[PDB]
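What follows is the content of my_file-v1.cif (mmCIF, C-alpha atoms and all ligand atoms).
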data_coords
#
loop_
_atom_site.label_atom_id
_atom_site.label_comp_id
_atom_site.auth_asym_id
_atom_site.auth_seq_id
_atom_site.Cartn_x
_atom_site.Cartn_y
_atom_site.Cartn_z
CA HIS A 154 161.03 290.90 121.90
CA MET A 155 162.91 290.54 125.20
CA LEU A 156 161.69 289.23 128.55
CA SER A 157 162.13 291.68 131.41
CA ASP A 158 163.94 290.74 134.61
CA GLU A 159 160.68 290.86 136.58
CA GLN A 160 158.93 288.75 133.94
CA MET A 161 161.81 286.26 134.07
CA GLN A 162 161.65 286.11 137.87
CA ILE A 163 157.90 285.42 137.66
CA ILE A 164 158.59 282.35 135.50
CA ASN A 165 161.40 281.22 137.82
CA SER A 166 159.09 281.56 140.83
CA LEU A 167 156.30 279.56 139.18
CA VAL A 168 158.52 276.73 137.93
CA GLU A 169 160.13 276.48 141.37
CA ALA A 170 156.68 276.52 142.98
CA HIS A 171 155.53 273.62 140.80
CA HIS A 172 158.66 271.55 141.47
CA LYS A 173 158.17 272.01 145.22
CA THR A 174 154.52 270.88 145.00
CA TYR A 175 154.59 268.14 142.33
CA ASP A 176 156.56 264.99 143.19
CA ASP A 177 157.32 263.07 139.98
CA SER A 178 158.07 259.92 142.00
CA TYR A 179 154.50 259.65 143.37
CA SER A 180 156.00 257.88 146.38
CA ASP A 181 153.42 259.48 148.69
CA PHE A 182 150.62 257.59 146.91
CA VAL A 183 151.26 254.49 149.05
CA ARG A 184 149.92 256.42 152.06
CA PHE A 185 146.48 256.82 150.47
CA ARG A 186 143.73 254.34 151.18
CA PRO A 187 144.42 251.51 148.74
CA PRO A 188 142.69 251.31 145.35
CA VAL A 189 140.41 248.32 144.86
CA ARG A 190 138.83 247.20 141.60
CA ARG A 251 129.65 250.09 145.30
CA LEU A 252 132.18 252.84 144.49
CA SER A 253 135.25 250.78 145.33
CA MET A 254 137.68 253.44 144.03
CA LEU A 255 136.20 256.36 146.00
CA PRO A 256 138.49 256.08 149.08
CA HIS A 257 141.70 256.04 147.03
CA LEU A 258 140.66 258.79 144.61
CA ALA A 259 139.32 260.89 147.49
CA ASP A 260 142.74 260.70 149.16
CA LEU A 261 144.46 261.40 145.83
CA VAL A 262 142.38 264.53 145.19
CA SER A 263 142.67 265.69 148.82
CA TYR A 264 146.45 265.30 148.66
CA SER A 265 146.43 267.24 145.38
CA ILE A 266 144.32 270.08 146.79
CA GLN A 267 146.95 270.67 149.48
CA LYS A 268 149.64 270.76 146.77
CA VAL A 269 147.59 273.33 144.83
CA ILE A 270 147.36 275.41 148.01
CA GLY A 271 151.14 275.37 148.32
CA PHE A 272 151.52 276.26 144.65
CA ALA A 273 149.04 279.13 144.92
CA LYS A 274 150.82 280.57 147.97
CA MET A 275 154.06 280.78 145.97
CA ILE A 276 152.44 282.64 143.06
CA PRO A 277 153.85 286.21 143.07
CA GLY A 278 151.17 288.53 144.42
CA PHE A 279 148.77 285.81 145.61
CA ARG A 280 149.95 286.18 149.21
CA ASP A 281 149.22 289.92 148.99
CA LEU A 282 145.51 289.22 148.52
CA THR A 283 143.16 289.09 151.48
CA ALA A 284 142.67 285.71 153.13
CA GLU A 285 139.05 285.61 151.95
CA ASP A 286 140.09 286.29 148.34
CA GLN A 287 142.75 283.57 148.46
CA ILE A 288 140.22 281.05 149.78
CA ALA A 289 137.58 282.03 147.21
CA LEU A 290 140.04 281.69 144.32
CA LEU A 291 141.26 278.30 145.54
CA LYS A 292 137.78 276.91 146.27
CA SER A 293 136.52 277.74 142.78
CA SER A 294 139.61 276.71 140.80
CA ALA A 295 140.99 273.73 142.76
CA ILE A 296 139.31 271.10 140.60
CA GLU A 297 140.52 272.90 137.46
CA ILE A 298 144.14 273.10 138.64
CA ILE A 299 143.96 269.41 139.54
CA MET A 300 142.72 268.62 136.03
CA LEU A 301 145.48 270.78 134.54
CA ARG A 302 148.29 269.44 136.72
CA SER A 303 147.13 265.85 136.10
CA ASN A 304 148.16 266.17 132.45
CA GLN A 305 151.74 265.58 133.61
CA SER A 306 150.80 261.98 134.49
CA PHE A 307 148.48 261.52 131.49
CA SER A 308 149.69 259.38 128.59
CA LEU A 309 148.33 259.39 125.04
CA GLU A 310 149.57 255.81 124.61
CA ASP A 311 147.59 254.54 127.61
CA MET A 312 144.75 257.13 127.60
CA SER A 313 145.09 257.00 131.39
CA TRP A 314 146.95 258.64 134.26
CA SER A 315 150.12 256.71 135.16
CA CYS A 316 151.61 257.41 138.60
CA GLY A 317 154.22 254.69 139.08
CA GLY A 318 152.95 251.13 138.97
CA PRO A 319 149.72 249.34 138.06
CA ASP A 320 148.10 250.11 141.41
CA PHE A 321 148.36 253.85 140.68
CA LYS A 322 147.34 253.75 137.00
CA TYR A 323 143.89 255.31 136.64
CA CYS A 324 141.66 254.80 133.59
CA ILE A 325 138.09 255.89 132.90
CA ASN A 326 136.75 252.66 134.39
CA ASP A 327 138.48 253.46 137.69
CA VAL A 328 136.78 256.85 137.99
CA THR A 329 133.33 255.37 137.36
CA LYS A 330 133.99 253.36 140.54
CA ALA A 331 134.28 256.73 142.33
CA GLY A 332 130.76 257.93 141.48
CA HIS A 333 131.31 259.70 138.15
CA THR A 334 129.82 258.96 134.74
CA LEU A 335 130.95 259.27 131.14
CA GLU A 336 129.20 262.65 130.90
CA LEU A 337 132.23 263.94 132.83
CA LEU A 338 134.94 261.39 132.08
CA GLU A 339 134.61 261.55 128.28
CA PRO A 340 135.14 265.35 128.04
CA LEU A 341 137.83 265.09 130.73
CA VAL A 342 139.81 262.55 128.70
CA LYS A 343 139.26 264.53 125.49
CA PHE A 344 140.59 267.55 127.39
CA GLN A 345 143.69 265.66 128.52
CA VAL A 346 144.34 264.52 124.94
CA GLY A 347 143.98 268.01 123.47
CA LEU A 348 146.15 269.50 126.21
CA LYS A 349 148.81 266.80 125.79
CA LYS A 350 148.96 267.50 122.05
CA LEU A 351 149.84 271.14 122.75
CA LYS A 352 153.23 269.88 124.05
CA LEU A 353 153.44 272.77 126.50
CA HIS A 354 156.77 273.67 128.00
CA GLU A 355 156.90 273.48 131.78
CA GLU A 356 156.99 277.29 131.79
CA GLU A 357 153.77 277.41 129.76
CA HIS A 358 152.24 274.64 131.87
CA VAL A 359 152.81 276.43 135.18
CA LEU A 360 151.83 279.83 133.75
CA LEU A 361 148.52 278.35 132.60
CA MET A 362 147.88 277.00 136.11
CA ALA A 363 148.68 280.36 137.71
CA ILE A 364 146.50 282.18 135.16
CA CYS A 365 143.66 279.73 135.81
CA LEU A 366 143.95 280.18 139.58
CA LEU A 367 144.14 283.99 139.42
CA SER A 368 140.91 284.29 137.42
CA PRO A 369 138.93 287.36 138.56
CA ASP A 370 135.54 285.91 137.55
CA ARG A 371 135.19 283.46 140.43
CA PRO A 372 132.40 283.28 143.03
CA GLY A 373 133.14 285.04 146.30
CA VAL A 374 135.95 287.29 145.04
CA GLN A 375 136.11 290.80 146.54
CA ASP A 376 139.07 292.65 144.95
CA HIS A 377 138.29 291.85 141.32
CA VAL A 378 140.47 294.66 139.96
CA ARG A 379 143.63 293.70 141.87
CA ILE A 380 143.25 290.02 140.97
CA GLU A 381 142.71 290.82 137.28
CA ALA A 382 145.81 293.03 137.24
CA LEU A 383 147.81 290.11 138.64
CA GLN A 384 146.33 287.76 136.03
CA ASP A 385 146.93 290.30 133.25
CA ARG A 386 150.62 290.46 134.20
CA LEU A 387 150.79 286.66 134.06
CA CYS A 388 149.14 286.67 130.63
CA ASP A 389 151.67 289.22 129.35
CA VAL A 390 154.48 286.97 130.59
CA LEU A 391 152.94 283.97 128.81
CA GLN A 392 152.44 285.88 125.56
CA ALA A 393 155.99 287.24 125.69
CA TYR A 394 157.33 283.76 126.45
CA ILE A 395 155.44 282.27 123.50
CA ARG A 396 156.63 284.97 121.09
CA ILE A 397 160.25 284.37 122.10
CA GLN A 398 160.13 280.58 122.30
CA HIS A 399 157.75 279.83 119.38
CA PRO A 400 158.69 282.01 116.37
CA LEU A 404 148.12 280.59 117.81
CA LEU A 405 149.34 278.68 120.87
CA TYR A 406 148.16 281.38 123.29
CA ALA A 407 144.63 281.21 121.87
CA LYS A 408 144.71 277.42 122.22
CA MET A 409 145.80 277.74 125.86
CA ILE A 410 143.08 280.30 126.62
CA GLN A 411 140.54 277.92 125.07
CA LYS A 412 141.60 275.22 127.55
CA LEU A 413 140.62 277.58 130.37
CA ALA A 414 137.10 277.73 128.94
CA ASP A 415 137.11 273.93 128.71
CA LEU A 416 138.05 273.74 132.40
CA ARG A 417 134.96 275.80 133.25
CA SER A 418 132.73 273.22 131.56
CA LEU A 419 134.53 270.39 133.36
CA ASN A 420 134.20 272.30 136.63
CA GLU A 421 130.44 272.50 136.03
CA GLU A 422 129.92 268.81 135.27
CA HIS A 423 132.10 267.70 138.19
CA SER A 424 130.24 270.01 140.59
CA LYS A 425 126.95 268.56 139.34
CA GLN A 426 128.14 264.98 139.85
CA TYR A 427 129.89 265.78 143.14
CA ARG A 428 126.58 267.00 144.58
CA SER A 429 124.86 263.67 143.90
CA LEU A 430 127.87 261.91 145.43
CA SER A 431 128.14 264.06 148.57
CA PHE A 432 124.38 263.92 149.23
CA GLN A 433 124.64 260.17 149.89
CA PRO A 434 125.87 259.85 153.50
CA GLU A 435 127.50 256.48 152.76
CA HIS A 436 129.72 258.23 150.19
CA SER A 437 130.28 261.68 151.72
CA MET A 438 131.74 259.99 154.81
CA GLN A 439 134.35 258.36 152.55
CA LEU A 440 135.65 261.80 151.53
CA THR A 441 138.21 263.86 153.43
CA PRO A 442 137.66 267.07 155.42
CA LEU A 443 139.59 269.08 152.82
CA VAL A 444 137.59 267.64 149.92
CA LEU A 445 134.28 268.27 151.71
CA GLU A 446 135.24 271.89 152.37
CA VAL A 447 136.78 272.77 148.99
CA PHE A 448 134.12 271.09 146.84
CA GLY A 449 131.25 271.90 149.21
CA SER A 450 128.63 274.59 148.65
CA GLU A 451 129.41 276.31 151.97
CA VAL A 452 129.98 280.06 151.66
CA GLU B 1 137.91 271.32 165.27
CA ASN B 2 140.21 273.88 163.66
CA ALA B 3 139.39 273.30 159.99
CA UNK B 5 140.59 276.94 154.47
CA UNK B 6 143.52 278.50 158.78
CA UNK B 7 145.97 274.84 155.64
CA UNK B 8 145.50 280.13 154.18
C1 LIG C 1 145.24 264.20 141.10
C2 LIG C 1 146.13 264.17 140.11
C3 LIG C 1 146.35 262.87 139.17
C4 LIG C 1 145.37 262.30 138.40
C5 LIG C 1 144.02 263.04 138.14
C6 LIG C 1 142.94 262.29 137.77
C7 LIG C 1 142.99 260.79 137.62
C8 LIG C 1 141.85 260.04 138.28
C9 LIG C 1 140.54 260.67 138.26
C10 LIG C 1 140.59 262.27 138.48
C11 LIG C 1 141.10 262.49 139.91
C12 LIG C 1 139.30 263.25 138.21
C13 LIG C 1 138.07 262.96 139.11
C14 LIG C 1 136.84 263.30 138.29
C15 LIG C 1 138.02 263.77 140.42
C16 LIG C 1 136.83 263.23 141.30
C17 LIG C 1 137.03 263.63 142.80
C18 LIG C 1 135.73 263.33 143.63
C19 LIG C 1 135.50 261.81 143.75
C20 LIG C 1 135.86 263.91 145.05
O1 LIG C 1 134.63 263.93 142.98
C21 LIG C 1 139.84 264.53 138.34
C22 LIG C 1 141.43 264.36 137.93
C23 LIG C 1 141.49 262.83 137.55
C24 LIG C 1 147.71 262.25 139.33
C25 LIG C 1 148.89 263.29 139.37
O2 LIG C 1 149.03 263.88 138.07
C26 LIG C 1 148.65 264.34 140.34
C27 LIG C 1 147.32 265.10 140.05
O3 LIG C 1 147.18 266.14 141.00
#
Any chance you could put this one into structure tokens?
Ligand SMILES: C=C1/C(=C\C=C2/CCC[C@]3(C)[C@@H]([C@H](C)CCCC(C)(C)O)CC[C@@H]23)C[C@@H](O)C[C@@H]1O
Amino acid sequence: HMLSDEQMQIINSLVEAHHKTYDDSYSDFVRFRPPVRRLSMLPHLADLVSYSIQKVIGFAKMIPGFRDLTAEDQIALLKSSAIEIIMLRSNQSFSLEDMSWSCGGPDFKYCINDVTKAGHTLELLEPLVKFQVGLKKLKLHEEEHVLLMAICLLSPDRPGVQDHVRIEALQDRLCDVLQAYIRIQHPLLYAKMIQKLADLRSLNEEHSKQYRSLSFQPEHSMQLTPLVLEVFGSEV
Amino acid sequence: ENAXXXX
């Protein structure tokens, strides 16, 4: 019923990793291509996602044990999970009152209508918003929020992974930390959090489907960034 | 260009 010193240091490392890679001021958003309201929101949202992928890379590198993996394993994990971590980390800007992502100002307030102007349809945006609502209602502590992101990223069942046993042992240790944290802090939540990981798989699928139609139009793929094209691309 | 060398 006590958290070990190593388990406590894992939480401290993950919370510190998230604070170093998530800027609550969103002051960098002014450097993206501006949002305008034929896919008028694609340049801004492409820059937003590309910026967020680089933050996820920095977060992943600070996960204890992630740096010990081979370079190929680190890339494979990030490529497969980047869109899921972005969907998870975006809950911090999501608001149940607005049903949208608020990032400081009306220019950087993104609703469902904005994402349709980036090439996506309600077949993705409806389950995505329902996901954000259900996740927001969990009222996760920052410790639980960052543990869920690290657990999602260290999933062993990802395409291209080589050392499945070592990655699962790292994820298992993170799950034990989360379960021990929940038992101490919440005298059912863990099952709800694990369910959200399965939801992220379905959202990953639908986004990958819709991203392929987007990236196969040269007029749209050229509006993306190098990092987006590489992370979301089918290249192996 | 030098592109996954953001490992
Ligand atoms: C980025 C983050 C934020 C919002 C995430 C959103 C809002 C707008 C639409 C998004 C970006 C979804 C889009 C379906 C992604 C489409 C990308 C592309 C056009 C390339 O297929 C995924 C997450 C949604 C803001 C902040 O929380 C940082 C976070 O990190």
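Among A:339, A:281, A:385, A:311, the residue with the shortest atom-to-atom distance to chain B, counting all atoms listed in the file, is A:281.
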As AutoDock Vina command-line options, what would the box around ligand LIG 1 (chain C) look like: edges along x, y and z, 4 Å added on every side, centre and edge lengths in Å to one decimal?
--center_x 141.8 --center_y 263.1 --center_z 141.3 --size_x 22.4 --size_y 14.1 --size_z 15.5
Set out as a Markdown table a contact list for chain A and chain B with a cut-off of 12 Å, giving each residue of chain A that qualifies its closest atom pair and distance in Å to one decimal, counting all atoms listed in the file, ordered by chain and rising residue number.
| residue | atom | partner | partner_atom | distance |
| --- | --- | --- | --- | --- |
| A:263 | CA | B:7 | CA | 11.9 |
| A:264 | CA | B:7 | CA | 11.8 |
| A:266 | CA | B:7 | CA | 10.2 |
| A:267 | CA | B:7 | CA | 7.5 |
| A:268 | CA | B:7 | CA | 10.4 |
| A:269 | CA | B:7 | CA | 11.0 |
| A:270 | CA | B:7 | CA | 7.8 |
| A:271 | CA | B:7 | CA | 9.0 |
| A:272 | CA | B:8 | CA | 11.9 |
| A:273 | CA | B:8 | CA | 10.0 |
| A:274 | CA | B:8 | CA | 8.2 |
| A:275 | CA | B:8 | CA | 11.9 |
| A:279 | CA | B:8 | CA | 10.8 |
| A:280 | CA | B:8 | CA | 9.0 |
| A:281 | CA | B:8 | CA | 11.7 |
| A:282 | CA | B:8 | CA | 10.7 |
| A:283 | CA | B:8 | CA | 9.6 |
| A:284 | CA | B:8 | CA | 6.3 |
| A:285 | CA | B:8 | CA | 8.8 |
| A:286 | CA | B:8 | CA | 10.1 |
| A:287 | CA | B:8 | CA | 7.2 |
| A:288 | CA | B:5 | CA | 6.2 |
| A:289 | CA | B:5 | CA | 9.4 |
| A:290 | CA | B:5 | CA | 11.2 |
| A:291 | CA | B:5 | CA | 9.1 |
| A:292 | CA | B:5 | CA | 8.7 |
| A:441 | CA | B:3 | CA | 11.6 |
| A:442 | CA | B:3 | CA | 7.9 |
| A:443 | CA | B:5 | CA | 8.1 |
| A:444 | CA | B:5 | CA | 10.8 |
| A:445 | CA | B:3 | CA | 11.0 |
| A:446 | CA | B:5 | CA | 7.7 |
| A:447 | CA | B:5 | CA | 7.9 |
| A:448 | CA | B:5 | CA | 11.6 |
| A:449 | CA | B:5 | CA | 11.8 |
| A:451 | CA | B:5 | CA | 11.5 |
| A:452 | CA | B:5 | CA | 11.4 |
Find, counting all atoms listed in the file, the residue in A:358, A:377, A:425, A:302 that gets nearest to residue A:167.
A:358
Tell me, as a PyMOL selection string, which residues lie within 9 Å of stretch 340-356 of chain A, counting only C-alpha atoms; anything in the same chain fewer than 6 positions away does not count.
chain A and resi 164-165+167-168+300-301+303-305+307-309+312-313+325+391+394+405+408-409+412+415-416+418-419
One decimal, in Å: what's the spacing between atom CA of residue A:360 and atom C23 of ligand LIG 1 (chain C)?
20.3 Å
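Atom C23 of ligand LIG 1 (chain C) is positioned 23.4 Å from atom CA of residue A:169.
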